[PDB]
Amino acid sequence: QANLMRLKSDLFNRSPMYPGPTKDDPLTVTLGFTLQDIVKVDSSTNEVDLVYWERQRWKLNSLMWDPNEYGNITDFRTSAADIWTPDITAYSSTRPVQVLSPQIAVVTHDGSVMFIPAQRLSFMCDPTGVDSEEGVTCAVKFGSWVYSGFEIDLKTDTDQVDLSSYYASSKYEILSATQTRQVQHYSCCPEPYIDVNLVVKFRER
Amino acid sequence: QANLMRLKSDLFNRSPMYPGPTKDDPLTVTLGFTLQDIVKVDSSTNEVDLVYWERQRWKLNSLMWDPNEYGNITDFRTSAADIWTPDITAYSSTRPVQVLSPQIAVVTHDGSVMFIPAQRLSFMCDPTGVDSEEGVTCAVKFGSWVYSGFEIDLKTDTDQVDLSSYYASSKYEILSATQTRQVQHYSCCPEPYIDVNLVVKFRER
Amino acid sequence: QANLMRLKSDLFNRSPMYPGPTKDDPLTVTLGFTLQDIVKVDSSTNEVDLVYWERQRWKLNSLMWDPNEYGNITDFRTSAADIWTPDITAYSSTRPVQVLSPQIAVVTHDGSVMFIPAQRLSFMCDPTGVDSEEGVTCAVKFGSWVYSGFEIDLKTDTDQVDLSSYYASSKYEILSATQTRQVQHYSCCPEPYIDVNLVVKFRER
Amino acid sequence: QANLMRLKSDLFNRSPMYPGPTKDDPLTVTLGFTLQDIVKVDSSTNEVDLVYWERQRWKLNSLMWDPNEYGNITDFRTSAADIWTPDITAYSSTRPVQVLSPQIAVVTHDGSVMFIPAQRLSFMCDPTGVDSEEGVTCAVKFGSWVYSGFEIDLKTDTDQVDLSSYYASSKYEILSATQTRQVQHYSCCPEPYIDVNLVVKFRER
Amino acid sequence: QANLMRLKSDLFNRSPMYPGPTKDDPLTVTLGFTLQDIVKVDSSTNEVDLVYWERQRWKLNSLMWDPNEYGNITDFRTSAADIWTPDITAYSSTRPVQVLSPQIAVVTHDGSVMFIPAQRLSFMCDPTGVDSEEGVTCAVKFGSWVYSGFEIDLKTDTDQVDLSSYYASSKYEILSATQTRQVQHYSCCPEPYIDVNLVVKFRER
Ligand SMILES: O=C1c2cccc3c2[C@@H](CCC3)CN1[C@@H]1CN2CCC1CC2
Ligand SMILES: O=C1c2cccc3c2[C@@H](CCC3)CN1[C@@H]1CN2CCC1CC2
Ligand SMILES: O=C1c2cccc3c2[C@@H](CCC3)CN1[C@@H]1CN2CCC1CC2
Ligand SMILES: O=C1c2cccc3c2[C@@H](CCC3)CN1[C@@H]1CN2CCC1CC2
């Protein structure tokens, strides 16, 4: 406990928090999705509710330490409130997102952080055709709300959404599920914005 | 990170927060709306739910800096809780507004601030006729709850509500959508109050 | 900004907060209602939902200042959390009251405070007869939860509820709406309690 | 204000906050219920919703003062967050309890505290027979979650639930309503736990 | 009070909080369930809601004391916010878990902590067959969200879920209810992970 208390103290009480990335010191955030269930489809409002886990990873020089200085501690867990986290948001949500898991991150001595919030999201999706063989496709994208591509870049480790924890007795069968990095330009802004587009095709039964 | 940490420290830890505008030092806030979806219409209570983004912009002398003094930083992102924000509210809401996006603002070296909260709002609207060709019109206005025109003035950059992110498969088609600055007088107060009236005409299909 | 910062500092950081009224220094609170809409009537549970604004006014010697000492500032706005506010509550609510407006008060150099929270309230009301010509009457009273008439007295400026912002396309037509000071005696306590009874008669169409 | 400010200051500065009772210094808490309405009955889930006020009273020697030392102040009001409160809870709730009143307590110069939260509670009750002449009986008990009878004892001033503010036009007529101190033994623990059982018999009309 | 105030001060104000377990100083958490009611079954979304109490127990050296040094105090109660608690969570929840009890723990002089949050949980379960004689079985597992078996080991004192507080008039009869420790290795990770699987078989009537 003593070494870990000392490490945490040195990292969090002896320097200011990371103020976030800039053009001169950009940050890459890696993002993948584990889809656990499609829990609700509402055809009168065109809303669909998912439960999923959002794997986020990034790295900061300010979170590095030498394990030999701290009794060979190579990683630790800490409340997400103790560290900077990126402002990744769903772009087509219809309700505030509901957090289903403790808000705790894993920090490793090379400065890398892993944060995996489980969440329920309501989003815009017309589910007409969900009860046919072809099913229906919807999409929702995730990205920084206020940082451009020049400050926060996103990547994925894979194009396939992790379906290995998908609820075996869901009302809905997943026909396809992809996660794809996209570069968007909007008319407002000259800077590109980066998102990951989660596209899920699904049907009943 | 070092220059940005120093800038933030100089701005936020070395003087009190801006106490808000007065008659002697008024403020102009620019306001525009991006309508993303009409998500619910309830004819038994005359409530309609929108999801929209509220672009807000204003400028403070107390947020200015010379980029040459701070490693050429010309702007940065910061939690909206670190700065004064204006008390703009919907005047005919029926439920507390639900915030859908991180509460983070962009501050620029000329002292200008941009804040773009995405929100779900329930408001008073009789939707009778929504299922006809003519559709139905409702309106909701937005302005400061407690500052008059002598302290906070509003303007818009345009009269047209931004419909470029409107959900392509909404239950509702937008026939018209305007945002108009208006001057209101209340019996309580001799000073005029300023609002922006969001008038949306829409129908099913 | 400098004068206002100095005033706020002198008022709030240089003495303790007002600890509330006592028998020796009672306080009069003025109370008036602006009824904006009857948003819901539920005959299966006997609940009715209103949206209204509650004008509250009181005066404290400890909030006085000479405008000549503070660059001629005669009033300012401040977060309701910076000041004492009275514990006025609805006595027949069925859900926590939902605040619809920013919680900001106006303080004037004579020590008077104006606070106007907009609210949605669910309360006990049997709406049988709402769909007839005679309509239906319900009532809900508002007063301090724990201060007796010896500490907090209530008055109204008028007996008529302000209907000038009542939603023109409500499901419900207001036949009558009054606000009336009353004295209540409880078996527990020898001291009378003061409330304002809001009585609204209404019907459909 | 001055004497009261001084009293509050002196009481805040006497010790840390009361750490709660122990075997060596137990505490008796007095408990009574005012039943305001039965607001909802759900026979598909066996839930019933009540609105009631929970009178709680206890006494601490550390909160005593001589009124002659403080300009004859014999009592004052203060936020419930400024003092220790007991952990009395409903034992068969199905939803978090909703607080309907300001969280303010009354402290008296003999060290007694009165706290009267108004609340809406959903709880386990099979309402079969509610629509007959005999009606239906349900029960919910209230006690400390973690203090045994050796640390917190409960009493009631009366066996009869106060029905004097029961809503005159409720869907439900109250046939009987009692509050009875009981001793419960759990298999986990050798110590008895004390609760007050609120038993309400009621029917429609 | 005096001795207890001194003990709490020595434990909580004189050293940092426990930073959680590591490979070098692991922790065992004991876990058991008291099932109070199955409150809702939804076959259109495959969600089931339970109300249960989650008994958690662990031990820390940093929470030990000699009772002779503190007026023979052998245990005390304290807000769960004063101490580290483990991040045990349901792995297939569909909603944020609702806490139904005060968040207070019992600490004993040997450093052991008992924490018993009562909760309402919605989780993934297909309730087809609930209305037959055989009934239906569902399952949900609980474990640390971020600590492996090398940091947090889980055990149960018994395989049987405590049914002694199960609501006598539930819609649902419990045919079987078990809690079983399971040790997993996943391909992603070299560390073993531990969960407790709560398996409940039930039917109507
Ligand atoms: O709409 C604007 C916008 C409009 C006019 C000026 C500016 C903007 C930028 C922020 C600075 C300058 C951000 N956004 C949105 C925030 N988020 C959602 C879409 C865009 C991009 C990412
Ligand atoms: O009702 C009052 C009011 C009443 C009596 C005195 C005063 C007021 C002002 C504040 C100044 C002094 C604010 N308001 C509301 C705030 N907002 C909504 C309606 C009005 C105007 C715009
Ligand atoms: O029940 C009591 C009560 C009981 C026993 C002692 C005392 C009380 C007072 C507070 C002082 C002393 C307030 N109340 C409630 C708070 N509010 C609503 C109902 C009553 C009256 C006004
Ligand atoms: O289950 C236990 C329990 C189990 C093993 C040890 C201990 C307990 C006590 C706390 C002290 C030591 C409290 N409780 C619950 C909390 N509350 C409700 C049910 C009981 C009784 C009162």
Side-chain angles (χ1 to χ4, degrees), chain A residues 36-37 39 51 100-101 118 164-171, chain D residues 45 94 187-188, chain E residues 28-43 45-57 86-95 97-98 100 116-145 149 152-168 170-186 192-205:
Chain A
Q36 199 179 13
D37 202 7
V39 302
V51 172
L100 307 177
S101 57
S164 65
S165 302
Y166 189 80
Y167 182 44
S169 309
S170 186
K171 297 299 269 181
Chain D
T45 61
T94 63
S187 302
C188 63
Chain E
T28 298
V29 179
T30 304
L31 201 53
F33 293 89
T34 300
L35 178 61
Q36 196 176 20
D37 202 7
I38 297 176
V39 300
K40 196 186 149 184
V41 169
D42 186 338
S43 49
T45 61
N46 291 345
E47 293 184 12
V48 172
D49 297 9
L50 311 175
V51 171
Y52 62 88
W53 312 343
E54 182 175 351
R55 273 182 326 286
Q56 309 183 344
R57 179 187 74 237
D87 69 327
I88 295 354
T89 44
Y91 288 157
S92 53
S93 78
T94 61
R95 294 173 191 293
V97 64
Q98 291 183 304
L100 307 177
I116 318 85
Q119 286 161 105
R120 193 198 178 109
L121 173 73
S122 286
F123 74 102
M124 298 171 199
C125 167
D126 186 347
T128 312
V130 68
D131 60 344
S132 78
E133 227 192 326
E134 290 79 359
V136 68
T137 293
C138 66
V140 47
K141 54 192 184 137
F142 294 80
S144 173
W145 194 245
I152 290 178
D153 190 11
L154 303 176
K155 54 186 277 298
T156 67
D157 287 324
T158 176
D159 278 324
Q160 289 318 304
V161 167
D162 177 8
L163 295 182
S164 66
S165 307
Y166 189 80
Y167 180 45
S170 187
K171 298 295 255 196
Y172 302 99
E173 191 184 333
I174 305 297
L175 306 172
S176 157
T178 61
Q179 51 194 32
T180 311
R181 178 174 184 270
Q182 291 173 163
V183 180
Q184 307 290 311
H185 287 84
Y186 300 102
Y193 284 81
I194 314 297
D195 45 71
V196 172
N197 200 21
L198 171 64
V199 175
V200 180
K201 191 179 157 205
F202 68 88
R203 62 172 183 202
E204 292 181 358
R205 190 194 47 261

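Residue numbers start from 1 in every chain, and the chains themselves are labelled A, B, ... in the order their sequence lines are given, proteins ahead of strands.
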- request: Begin from the C-alpha positions of E:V140 and E:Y91 and carry the test side-chain contact (heavy atoms from CB on, under 4.5 Å) through to its verdict.
  value: CA-CA 7 Å; E:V140 47; E:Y91 288 157; 6.0 Å; no
- prompt: Given the rule in the side-chain contact (heavy atoms from CB on, under 4.5 Å) test, do E:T94 and E:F123 qualify, once you have shown the distances and angles that lead to the verdict?
  reply: CA-CA 5 Å; E:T94 61; E:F123 74 102; 5.6 Å; no
- request: Could you check E:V161 against E:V200 for side-chain contact (heavy atoms from CB on, under 4.5 Å), going step by step and ending with a plain yes or no?
  value: CA-CA 9 Å; E:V161 167; E:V200 180; 5.5 Å; no
message: side-chain contact (heavy atoms from CB on, under 4.5 Å) for E:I194 and E:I152? Distances and angles first, verdict last.
response: CA-CA 8 Å; E:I194 314 297; E:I152 290 178; over 6 Å; no
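In this structure a side-chain-to-backbone donor-acceptor pair under 3.5 Å is present from E:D162 to E:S164. Not a single donor-acceptor pair under 3.5 Å links the side chain of E:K141 to the backbone N or O of E:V199. Looking at E:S132, its side chain does come within 3.5 Å of a backbone N or O of E:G129 through a donor-acceptor pair. A donor-acceptor pair under 3.5 Å is formed between the side chain of E:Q179 and the backbone N or O of E:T158.
Residues that satisfy the side chain to side chain donor-acceptor pair (under 3.5 Å) test with E:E173, not counting sequence neighbours, are E:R203.
In this structure, E:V136 and E:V41 have side chains that are not in contact, with every pair of non-hydrogen atoms separated by 4.5 Å or more.
One finds the CH2 atom of E:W145 at 6.0 Å from the OG1 atom of E:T89 (value rounded to the nearest 0.5 Å). The line from CE of E:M124 to SG of E:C138 is 12.5 Å long, rounded to the nearest 0.5 Å. Distance check, rounded to the nearest 0.5 Å: CD of E:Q98 to CG of E:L121 gives 10.0 Å. Between atom OG1 of residue E:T156 and atom CZ of residue E:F33 there is a gap of 9.5 Å, rounded to the nearest 0.5 Å. One distance of note links CG of E:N46 with OG1 of E:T128; it measures 6.0 Å at 0.5 Å rounding. The OH atom of E:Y166 sits 13.5 Å away from the OG1 atom of E:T34 when rounded to the nearest 0.5 Å.
Using a 30° and 60° split on the angle between ring planes, E:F202 and E:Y172 fall in the perpendicular class, above 60°. Using a 30° and 60° split on the angle between ring planes, E:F142 and E:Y52 fall in the perpendicular class, above 60°.
Between the side chains of E:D159 and E:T178, no donor N or O sits under 3.5 Å from an acceptor N or O. A donor-acceptor pair shorter than 3.5 Å cannot be found between the side chains of E:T180 and E:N197.
Using a 4.0 Å cut-off between a side-chain N of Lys or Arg and a carboxylate O of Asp or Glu, E:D157 and E:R57 qualify as a salt bridge.
Contact between A:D37 and A:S170 at its shortest, heavy atoms only, is OD1-OG, 2.6 Å. Closest heavy-atom contact between E:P86 and E:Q56: CG-OE1, 3.7 Å. When all heavy atoms are compared, the tightest approach of E:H185 to E:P192 is NE2-CB, 3.6 Å. For E:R181 against E:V183, the heavy-atom pair with the smallest separation is NH1-CG2, 3.6 Å. The heavy-atom pair separating E:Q119 from E:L100 by the smallest distance is C-CD1, 3.7 Å. Here the shortest heavy-atom pairing between E:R95 and E:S122 reads CD-OG, 3.6 Å.
Applying the salt bridge (charged side-chain N to carboxylate O under 4.0 Å, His left out) test to pairs two or more places apart or on separate chains, those with a residue in residues 117-134 of chain E are D:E47-E:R120, E:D49-E:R120.
Of the residues E:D87, E:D153, E:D195, the one that meets the side-chain hydrogen bond (donor to acceptor under 3.5 Å, both in side chains) test with E:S144 is E:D87.
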